[PDB]
Structures are given as structure tokens and as C-alpha cells.
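Asker: Protein chains in written order, with the authors' numbering: chain 0, 1 to 77; chain H, 1 to 149; chain X, 1 to 28, 40 to 56, 65 to 169, 195 to 462; chain 5, 1 to 234. Where a beta carbon is used, it is the ideal one built from N, C-alpha and C, also for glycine.
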Amino acid sequence: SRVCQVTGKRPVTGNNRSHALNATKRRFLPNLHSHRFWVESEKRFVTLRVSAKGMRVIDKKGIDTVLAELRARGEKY
Amino acid sequence: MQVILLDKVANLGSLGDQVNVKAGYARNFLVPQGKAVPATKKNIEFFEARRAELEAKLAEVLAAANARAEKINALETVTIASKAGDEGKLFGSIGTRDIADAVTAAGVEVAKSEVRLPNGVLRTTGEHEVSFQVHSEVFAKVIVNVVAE
Amino acid sequence: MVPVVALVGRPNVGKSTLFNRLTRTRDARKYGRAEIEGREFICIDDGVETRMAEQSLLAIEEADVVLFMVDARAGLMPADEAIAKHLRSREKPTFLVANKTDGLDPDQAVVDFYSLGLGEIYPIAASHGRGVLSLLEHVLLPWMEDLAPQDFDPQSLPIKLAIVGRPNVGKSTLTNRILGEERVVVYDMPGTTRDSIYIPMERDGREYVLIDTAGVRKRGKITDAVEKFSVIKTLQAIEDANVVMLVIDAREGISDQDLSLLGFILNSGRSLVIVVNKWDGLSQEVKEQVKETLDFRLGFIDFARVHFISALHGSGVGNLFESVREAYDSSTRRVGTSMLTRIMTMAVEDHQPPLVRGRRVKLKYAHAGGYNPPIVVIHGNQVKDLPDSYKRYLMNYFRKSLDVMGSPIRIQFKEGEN
Amino acid sequence: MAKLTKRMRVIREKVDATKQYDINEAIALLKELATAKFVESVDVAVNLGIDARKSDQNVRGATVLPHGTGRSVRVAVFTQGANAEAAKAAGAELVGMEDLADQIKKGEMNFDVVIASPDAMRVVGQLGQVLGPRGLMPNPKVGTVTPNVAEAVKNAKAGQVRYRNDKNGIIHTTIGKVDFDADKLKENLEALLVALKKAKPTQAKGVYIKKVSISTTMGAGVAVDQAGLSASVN
RNA sequence: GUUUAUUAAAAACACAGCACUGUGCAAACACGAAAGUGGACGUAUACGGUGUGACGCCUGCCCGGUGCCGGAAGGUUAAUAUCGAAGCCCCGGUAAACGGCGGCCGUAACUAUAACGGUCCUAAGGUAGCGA
RNA sequence: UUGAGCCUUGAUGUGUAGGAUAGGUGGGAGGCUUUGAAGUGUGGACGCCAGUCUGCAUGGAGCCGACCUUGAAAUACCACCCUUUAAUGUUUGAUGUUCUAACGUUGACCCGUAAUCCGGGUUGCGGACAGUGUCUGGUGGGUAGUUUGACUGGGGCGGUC
RNA sequence: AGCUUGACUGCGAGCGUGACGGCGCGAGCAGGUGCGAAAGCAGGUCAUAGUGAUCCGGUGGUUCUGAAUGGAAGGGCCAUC
């Protein structure tokens, strides 16, 4: 997809906008990328699709804490 | 993020230097390689007590890694220790090509720019003879006896 | 050689307002003089623009007498004091006046002002009427002791020309070149119109204009709060022409506004000569033949003549001077009922005057209603009996059979016979 | 030209970096510090913003203040059609248009502070061409280009603080001498400090007071335990 | 040849041939938010696009070298009010330049048209097609 | 390799007057600046260099200006921040080059699986790029909504308000 | 031609003239002024044309407003763009 698997993402509703203030809508994709994280706790990579807010978030809490979850979020490790 | 190093010495940062670093260097080089451990005001306390042991007891056959490193960054005088660099000069058949294993920088190497030899090289003691190519399909050679202690 | 009042009083404000009220002469345009009795003299007009400091500095040294100005609500101001000091050292006499004087009868003058390294500050009028009288009298007296400098042929006027174009290109710079070849700045403003506007100036008698609103390298005394006022000027640029020059770029030219601008030019009814400036830096395969082709097809029958100059090199410089003259001759061509009638006959015989409601029309002479932008009025059948198109067809024919590298020519139709 | 900016680096490294000092302590310090040979000046260096308006910023003048004491000056009260006739009733000082007129136009002057209505003021305190003082001179502005005369004489008789440089948006005001007492000095600051808050109504930034600093000369200066701020007038 | 089924068959549309451009493969491009797919199991003598319309016959003018043309800013030539602008380099622009594609003069036999040079310009120079 | 954000040194300010070179001094003609203090490059109004030229390389005069004039100002002792300019501390961004470790790999092979898909692993090649996400400037009749009066001896035309 | 600054100020019986928006005339009182010897005259121009609502914002003044509560912003008001 296009979702962090942590932070919680998906494109979300938009519009182009003008000082004209016209009406149209467009959504908005977050900045996610599947980045090859190193589990270390089984010393392998479990490449996950993740946000780039999230990339930070994973770091601050540490590998097996995001990876503590997933299991607790009932979804592909 | 920030780490306390585990590394003995490292070209910047050394010997339990707790510092902040680039995120893109830190998570994919300083860790996971053993050259650092994450820092937290929890971690630092654990680590401070630990490093009187860890950055000593581990870090004492590792003097080799900093020295041997030059020799594999150039690949002109391809030299690693198989057991050595901490035992005196690099000796025995042991080292590079006698198992055809030597560490590369990034798989782009000048240590297999030709293959030709019938049982590899290395077979002296108290020094270790490497083959130092002079072409890429003739092996007229210029063998050296470098060490990297 | 000759005096100039030379207003100063800080870079801007009501400074201009006063010049208009002292002048009355337009189309002499700028430089330009304020008339009093018999004698007329010129007028001349932190962290401010470097260009604006250079012109202003250029103005005051040639200036021959100076007038330093203060406002009602203005008083104290050290910057003013610096400008006043500069003037003393360099040495020309200065009188201290104060704009739309107001207050509540003369009071705070002269009291602040004695420190100004100047004494007696005369208060003025401009929106009342007594306070102008003293200033004009003061100047008069020394100036009275002295007495300083104060079909019709194509050569009866000197050729009038403007330089119009985009609100992007540094046209004002190209303007500096055209006036130059001397390697000298020239956009020093004096004031002589009604209100705060704008330079047409003349060199070689013949008039050049600088126009539009910003990017032009309009960074002036200011007067067009919105996008509008500038346009009031370009319409002046129309009034004054018999030649207009369009600067277009090869890298921001022919913009939507710009193509409209050429369409407008056709209305403007004045000779088009097409300039491309800052064209020595363009890529070796030019973009730009096609850019010429799209304008060509719209299409402007004139003489072009394309110019590829820079204001930062100059290449086209002669070829521009030349092209305008040639264009003016054709435009201004001595005309004459005879020629027109004779070529016309051919045209109608060849391709057929239109018929309307089973009744065939009738043409029967043409004459020239003036030549400078050439107009003709042909007396034939009714206005609607021709479409505008056939008018134009017959016009285009004349545009063809006798050269018009000049402006579009005009055709009219009157009725009387039917 | 510039050999090394070393002598100034060590010195500024001692007592400036916004080292906030007791106002009085500062003054105690102020007389000497680096070898400046005699007792020096007490200054406040007040930083005000902007250009296009002043209220008491770049003033080639002196204004009346709470606690006027420090100096007392010569004063003549010029009483001509104004708040002069209120001044005639007041009878403090000397009030007289045509006798003080003479005295103005005589050839000689010494009544520095012209409290004034229209004619006198232009003469005394402003004149010269490339004006500027022997080190001090009769000054023009005294707020009688904001004429009042009667009440003005009371304020005037008492004295007055002169400050001047040129054109910068930061308003310097020399507070006094060190041959004036420490606590009287503090009061001079406080007075100017209350005034400044008062000053400037014309929005361009709603707090116009940056640094209240107190300083002398020879790379010696300090900051005040800032107390000019917006809250009312303190 | 193709075609407006249920008015209109053509001169329309098509078409080989030709011309031009764009594209080096993960191709251009095209579809498909993308994934993917087509393009192509191919591979610049092609591929895509665009455009013109068999065929034959009507001559399609390269800016680099060096020169030339206009122009200024300079260079170069000047006085030595130094600065040096006019003519020329250069900057742009220039091949109806050297050199392949006109006249006019002499000359391929009614002189005259002329392959060569002179002459207009540091134009090849009516050779092709076509002649009162 | 190399721009610049800031930091503190530099010293001074063309009309008679004014020695010239008068930005801006609380206070204003002691400070025993003790040392026997100086006239010699930056500076400086302005090159109008001069000389006066610099806390700016000499020792030669009590510790010392070796006190003012005079104009607007200018000489005891100095003070208040600017324009300007370095030297130095820096702070930061560019380019330059090389690297590998993200990342890409429509290279090659091994493997789940006697599967052109995919996944994992190995290796080869690329490489901090590329590309993409946000933000953001320019372009954009391709797409989108609509705008284009009225008077009127038919209307439009014109002319007019 | 002398002299002045009433192109004052705060109000206004009472009128004309407009559908309304509204526009015009108007003595006198009051207060302050100005000029005139004094009476007296001065409320912009011989009269008739010389321009536009409403918004919304700018300028200056005011305490009027002002959300716990004081200030403070913005808004109203008065004047003007």
C-alpha cells in the first residue's frame, strides 16, 4: 500500500486551492517508503513499508518495539 | 539519533564517546555494526557501567581491524588477519587466499582481477607473502610481505 | 547655463504634487518648465534604491538653484538634514519650502528649521492659494536681474516614438541604450506634467518613451498603486506616437498579456517595429523563429524589422534607428485622391464588389482623410452593404499596390448615393 | 590596520554577554574597570526599532524627566501669544516678550533653555551652519516646539538631561556623571525607562524596547536587570 | 483502392513513393493514478511520430576555417584632449563567399547569350527543366 | 576546494573661517596614562598624495596633552553609537573529488517450486544518486466552470448612455 | 485701490424642490471671530455644470466598547482618505 503500518496512513482528502477559492479535491500521499530495517533480534531484515514521520518514530523507540507491535496489531510482521 | 559508541576508536568519535550523529549514518553504519549502541538516558547508564568491561575485553583484538582496514580500502597490498594483527606480524598460510576469503570494501576489488593460481599463495611464516598482480591475465607478480598490525 | 528650482525634500511624497502646480506645459515632454510671469525655469526631482540615488545625485549637480521641501505632518528628520548638508557643501543656493503647509497658521515654521543649516522656511500653497506667491516672487527677483534660456512636410515635426513592451523586460535599460551609445544614464526625472507621470524624453528632438509597470525597470518616484495607472500611461504612449517599438524577450516574450498587447497595438494605430532585446545570450539553435512565425501569422503587415540587441552588448542598435525612419516615410506618404481611385478600380474589377439583396452596389472615388496614419474615405454604397471583410480586402489591396512598411492603413465608407 | 582583535576579545569576555547587574552595582563598577584614567561616564544604551517616525530617538536635544536633578541650567521663559499669558500669571522665572526679545537679539546669550512660544527659540539653541558644540553648546529642542510655558517653567527651572548622536534607531541617553550619586542615577534611568514605554504609539512592533544596557567606555559595559517592559509603565 | 449503414461516392478519405523530426532500450511513446501492460519476444537500413502524395520534369545556398556585412562594447588602424570612435577583426548576422547552381564584355562561327578570367560582390556563374 | 551569516579590531569626516581631515561626547580644558610622551603606509573629508597622514616601527624634552583659539566646531581628561574596513574567532552553504552503507539494480545464478509471476539468498554493476513524498516557482484551451449589456422605427451595423 | 482671512464655528424658525436615495434656499439666535470711522457687512465664488450610494479597508482623535480579572487588540463613535 501506502500505509505506515505504525503511524497510520493512506492518502487523505484535499483540493488544489486558489485565492479564488474554487471547488475541486485531490487527496494527499504521505512520504512513506519501504525501508529495510534490521531486526537484530533474529538478525535479519524484515523490510516494512513505513512513513517518514514514522521512520523517525521507529528510531526513537527502537526496532523491536515497532516490531514488538505488528504482532500486537495482528498483521504481517 | 545518538549513541554511546562501543567502538574503541573510530575516525571521529572514540572510546565511549556519547555523541549525536546523522540519522542516516547512525542507524545503518554506526549501528548495527558494533561501532555504536543507541543512547538514551536509560542506555547511557547501562552502557557507562558496561564499557569498563565491553570496550576493553572485546576491544583488545580489534586493534587489528583499524590497521588491516587501510589494506582493503586500497586493495593494492590486500591484507587482513585471519588470526593475527594482535598476535605479532601477520604470519602463517592464514590471512587471505588459502581459503580465498579476504574482506572487500564493496565487492569492487582488485584482489580477484584475475584468477590463475594452482593452490593460492601464502606459505611463509613470520611474514606473509601476498601476490600483487601486475596485469589482469598475466601474473608476472611483484609479491610483497606487508603486515598490518 | 540656465536655472532650475530643483525640488528635493526627501526622496518622494508630495514633492511631485508641487511640481505640477508650478508647471502647466506638457508636450515641449519632460524638461519641461514652470512658468512665472515672463520667466520659465525647470524643476528637478532611509535606505533607497541605488539607481534612484544615482539619478537624483545626477540631477542636483547640474541643478542651478535648489528647493528643499518639508510636509505639514513632517518636521524633524535627520535624513533630510543629510540631504540638506550635501547640498551646502557642493555649493548652490537652496530655499526651504514646506509642501501642503497646513498647520494652523504659520507657527512651527521657522522654529525647528533654523537648525536645518538653513534659516527662513517659507510655507507654501497647492490646495489653497496663498503661499505659492512668495516663492515665485523670491525666485523672480534674482531671475529678473539675469534673464536665462527659455500637406505639411514629414520634417515639420521630429519623429515621435515610444518604447512599449512587457511588464517583465528591462525595457528602461534598452531605453537607456537608445538614448545612449554615449555609455551614460539618462532616466533622471524633472517633472512638468499634470501629476506624478512619466518619461517621454527627447534626444535628437525625436521622442522616446519608457512604459508599463515593474520589470520594465520601473522603480521610479512611484504613482501606480495597482496594475491600472501604468496603463493610463501606455495610452499616453499611444497618443504621442507616430512610431511605437515593442520589446519582446526570447525567453519570456509573447506572453498571453503580450500577444494581447500586439492586438492592442493594432488598435493603437501607430507604426510597429519589433525588437528582441537581451538576445546575445540565447541558445545557438534559436527557439525563436517559430516565436516570430506565430506573431507573423496574426500577422502585422509592416516591415517587422526584427531586432536582436542587448542593452548589455548592442548589436541591433543601428538597424533599429534605421528601421523606424523607413517606416515613418511610408506611413507619412503624400496622398491624394488620384492614386487611390486608380489602384481601386483594378481591385473591384478583379474580385468583385459584394452584392446586397439582388442590388449591386457602386463605388466611385476614394480620398485621403489624412496620411500620417493613412486614412481614406471611399464614397460608395451603405455601411452594412459591405462586410468589414471586403473593406479590409480593398484596404489590403492598397496596402499591397503602394508600399506600406509603415503602420496599418485605414479605410472608411460613407453613403449618400443610396 | 587591524592587528588582532585580542585586547577587545579578553575584555568583553569578562562583563558582556548580557551579564545583568544590579543597577547600583554597575554604577559602582563603572568608574574604572580597564585602565581608563579618571572617573568616566554613566550611559544607558537603549535599543529602539525602525525608521519613518521618532518620538525621542536621535534627538539633538534634551527632554524633561521625573527627577530632573543632575544638572540645573540657565533658563529664560519667552512669553508671546500662546500658553504665555498663563505664564504671565505664573510669574515664575522671568516672563516678558519684548525685553527678552532684546536679550535674544543682543549679541550675547546665556539663557540656554528657551521656554518659548514663537520668536525667541530659533536663535539660541539652533543656529550655526555646520552646527555642533565645543563639547556641549546651547541645545534647541526642549519641548517648546510643544509649547506650554507656565507649567513648563517649573519643569524647566529644575533641569533636564541631554543626549545626542545621529540617525540610528537605537536611542542612547547619557544618564549622568559618576560625580553624581548612585541612587540618584538609578532614578534617572527609571525616569527615562518610564518615559520610553510611554513613547511611540505608532505600531510597527508592539514592544519597542529591546536592550536596556548600562555602560561606560573602554570596552566596559553591562546589561540592566530589564525593567522597562510593557505592563503599564514600569 | 476506401467511404457518409437508414439523403450526399467524390475532386473527399486511403495509398505506395517521398520528406522531415523525434527516439540508444528501463526507448521514444502509449495506456493504465500505479502495479502492470502495450510498444517488441523487436532493436536506429529501426521504431515511433508527423507530414506530403505515383510517376517524370521545374536547379533546394554549408558561418566552421578565413573572409565578408551591419553594429557597438572592445580589439586594430589615429591625434597622442589620454579616452580612440569612423573602415576592418570581434559580437551577432553573412555561402546568388574560396568552391558546385546569374547577368554584362571577349570568346564554343549572325558578332551579342558563354565553360575561363575581367566587371557588379572575395556570386558560383543558363550546365538542369524550358526557347520569339 | 570555496562563497557568504555573525563576532570583536581599523580610523576619520572638502564653503570665509576651518592648520587639513568639523561622522556622533556624559561631563568638559589634569589624567602624575608612573616608561624620557611624539612628528615615519593601512587610516583619512578625500586621494585635495600633500603636510596635517594613522593608540601604527626613531628615544630626543619635567609624568604629560607639551593651555586655548576660532568657526558652526578644535586641543585639561575624553564619550556616545554609525558609515567603512580588516584582522581574528567563527557559523554555515556551495562547488570539487573519492567512497559505500542506505537506495536502485527490466545483470547472473542458487533456492521455496522438475513456476517467464513473486519472494529470499549469493554474487556482479550502479550509488547517495536516482526517484519519489511534501512544500514550492514557471508553463498549461489539453481538461473545467461560465462570462460576452442595453436603447433600438426588424436587429446586428452604427451611434448612443 | 487700502485693509483683512468668515472658503469661522455651533445650531437653525421656515421654505422650495425631488417616488425614494435626496438636493437646494433661508433669516435669526448662540458662541466666537474679522474688517470697516460708524451704520454695517462677512456662513466661498453673477446665477445656473464641474461628479457617485453601499461595502470593505488606510489616516488622526476619543474611553465608548472591551468575554474570569486588569491591561491590551479589533470594533463603534468623531473627523478624514
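#1: Taking just the CA atoms, how far does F457 (chain X) sit from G380 (chain X)?
#2: Between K31 (chain 5), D51 (chain 5), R74 (chain 5), which has its C-alpha nearest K154 (chain 5)'s C-alpha?
#3: Per DSSP, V42 (chain 5) is paired with what?
#4: Suppose the cutoff is 6 Å on Cβ atoms and the five residues either side in sequence are ignored; what does the same chain contact list for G54 (chain 0) look like?
#5: In three-state terms, what does DSSP make of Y42 (chain X)?
#6: Which residues, in order along the stretch 145-168 of chain 5, keep a beta-carbon less than 8 Å from a beta-carbon of chain X?
#7: Write down the C-beta distance between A34 (chain 5) and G219 (chain 5) rounded to the nearest angstrom, noting that I regard them as a contact closer than 8 Å.
#8: Rounded to whole angstroms, how far is the Cβ of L135 (chain X) from the Cβ of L115 (chain X), which I believe are closer than 8 Å?
#9: Give the C-beta separation of residue 470 (chain X) and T69 (chain X) to the nearest angstrom, bearing in mind that I take them to be a contact with Cβ-Cβ under 8 Å.
#10: Do the stretch 84-102 of chain 5 and the stretch 32-49 of chain 5 meet, that is, are 3 or more Cβ pairs less than 8 Å apart?
#11: Should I243 (chain X) be labelled buried (16 or more other beta-carbon atoms within 10 Å of its own) or exposed?
#12: Report yes if the CB atom of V405 (chain X) is closer than 8 Å to the CB atom of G413 (chain X), and no otherwise.
#13: If you check the beta carbons only, do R261 (chain X) and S216 (chain X) fall under 8 Å apart?
#14: In chain 5, which residues lie with their C-beta within 7 Å of the C-beta of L95 (chain X)?
#15: Report the rounded CA-to-CA distance for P32 (chain H) versus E40 (chain 0), giving the unit in angstroms.
#16: Please compile the residues from chain 5 whose C-beta is within a distance smaller than 8 Å of the C-beta of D339 (chain X).
#17: Considering only the beta carbon of each residue, do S315 (chain X) and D346 (chain X) sit closer than 8 Å?
#18: Could you compute how far the alpha carbon of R122 (chain 5) sits from the alpha carbon of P140 (chain 5)?
#19: Flag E40 (chain 0) as yes if its beta-carbon sits less than 8 Å from any beta-carbon of chain H, otherwise no.
#20: Determine contact between the stretch 272-286 of chain X and the stretch 299-314 of chain X, defined as no fewer than three beta-carbon pairs at a distance below 8 Å.
#21: According to a CB-to-CB cut-off of less than 9 Å, which residues of the stretch 26-39 of chain H neighbour chain 0?
#22: Considering only the beta carbon of each residue, do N220 (chain X) and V213 (chain X) sit closer than 8 Å?
#23: The ligand NAP heavy atoms versus the CB of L131 (chain 5): any closer than 7 Å?
#24: Between the stretch 94-110 of chain 5 and the stretch 96-110 of chain X, do at least 3 Cβ pairs fall closer than 8 Å?
#25: Give the DSSP-derived three-state secondary structure of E51 (chain X) in the structure shown.
#26: Mind checking the stretch 89-120 of chain 5 against chain X and listing, in chain order, the residues whose C-beta falls within less than 7 Å of any C-beta there?
#27: Please compile the residues from chain X whose C-beta is within a distance smaller than 7 Å of the C-beta of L136 (chain 5).
#28: Taking the alpha helix (DSSP H) that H395 (chain X) falls in, what are its first and last residues?
#29: What residue does the alpha helix (DSSP H) around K41 (chain H) start on, and which one ends it?
#30: Is it true that the stretch 114-132 of chain H meets the stretch 90-97 of chain H, where meeting means three or more beta-carbon pairs spaced less than 8 Å apart?
#31: Tell me, which residues are paired with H35 (chain 0) by DSSP?
#32: Since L290 (chain X) and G209 (chain X) should fall inside the 8 Å C-beta cutoff, what is the C-beta to C-beta distance between them, to a whole number of angstroms?
#33: State yes or no: is the beta carbon of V130 (chain 5) nearer than 8 Å to at least one beta carbon in chain X?
#34: Determine the extent of the beta strand (DSSP E) in which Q456 (chain X) is found, giving its start and end residues.
#35: Can you tell me whether DSSP reads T113 (chain X) as helix, strand or coil?
#36: Once DSSP output is grouped into helix, strand and coil, what is the label at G24 (chain H)?
Answerer: Let's see:
#1: A straight-line Cα-Cα distance of about 17 Å links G380 (chain X) and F457 (chain X).
#2: It is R74 (chain 5).
#3: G176 (chain 5), per the DSSP bridge assignment.
#4: In the same chain as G54 (chain 0), and ignoring 5 residues on each side of it, the C-beta atoms closer than 6 Å to its own belong to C4, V6, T7, in chain order.
#5: Shown here, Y42 (chain X) sits in coil according to DSSP, grouped into three states, outside any helix or strand.
#6: For the stretch 145-168 of chain 5, the residues whose beta carbon sits under 8 Å from a beta carbon of chain X are, in order, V145, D166, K167.
#7: The Cβ separation is near 6 Å, so the contact holds.
#8: About 6 Å; that satisfies the 8 Å criterion.
#9: Residue 470 (chain X) falls outside the range modelled here, since chain X spans only 1 to 462, and no answer is possible.
#10: Not touching, per the Cβ criterion.
#11: By the neighbour-count rule (16 or more Cβ atoms within 10 Å), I243 (chain X) is buried.
#12: No, these two residues do not count as a Cβ contact at 8 Å.
#13: Yes; because the gap between Cβ atoms is below 8 Å, this pair is in contact.
#14: In chain order: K54.
#15: Cα-Cα distance, rounded: 8 Å.
#16: Those do not exist, as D339 (chain X) stays about 47 Å from chain 5 at its closest Cβ, beyond 8 Å.
#17: The answer is yes: Cβ separation under 8 Å.
#18: Rounded to whole angstroms, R122 (chain 5) and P140 (chain 5) show a C-alpha spacing of 8 Å.
#19: Taking 8 Å as the CB threshold, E40 (chain 0) lines the interface with chain H.
#20: These segments touch.
#21: For the stretch 26-39 of chain H, the set of positions with a beta-carbon nearer than 9 Å to some beta-carbon of chain 0 reads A26, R27, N28, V31, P32, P38 in chain order.
#22: At the C-beta level, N220 (chain X) and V213 (chain X) stay beyond 8 Å of one another.
#23: You won't find the ligand NAP in this model; it holds no ligand whatsoever.
#24: Pairwise C-beta distances place the stretch 94-110 of chain 5 out of contact with the stretch 96-110 of chain X, as fewer than three of them are shorter than 8 Å.
#25: It is a strand residue.
#26: Correct list: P118.
#27: None at all; the shortest Cβ gap to chain X is about 16 Å.
#28: 381-395 is the extent of the alpha helix (DSSP H) around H395 (chain X).
#29: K41 (chain H) -> no alpha helix (DSSP H), and no H or E assigned at all.
#30: The answer is yes - the stretch 90-97 of chain H touches the stretch 114-132 of chain H, with three or more Cβ pairs under 8 Å.
#31: According to DSSP, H35 (chain 0) shares a beta bridge with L48 (chain 0).
#32: The beta-carbon separation of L290 (chain X) and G209 (chain X), rounded to 5 Å, stays under the 8 Å limit for a contact.
#33: Closer than 8 Å: yes.
#34: Run containing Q456 (chain X): 454-458, per the beta strand (DSSP E) assignment.
#35: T113 (chain X) falls in the strand class under three-state DSSP.
#36: DSSP, read as helix, strand or coil, puts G24 (chain H) in helix.
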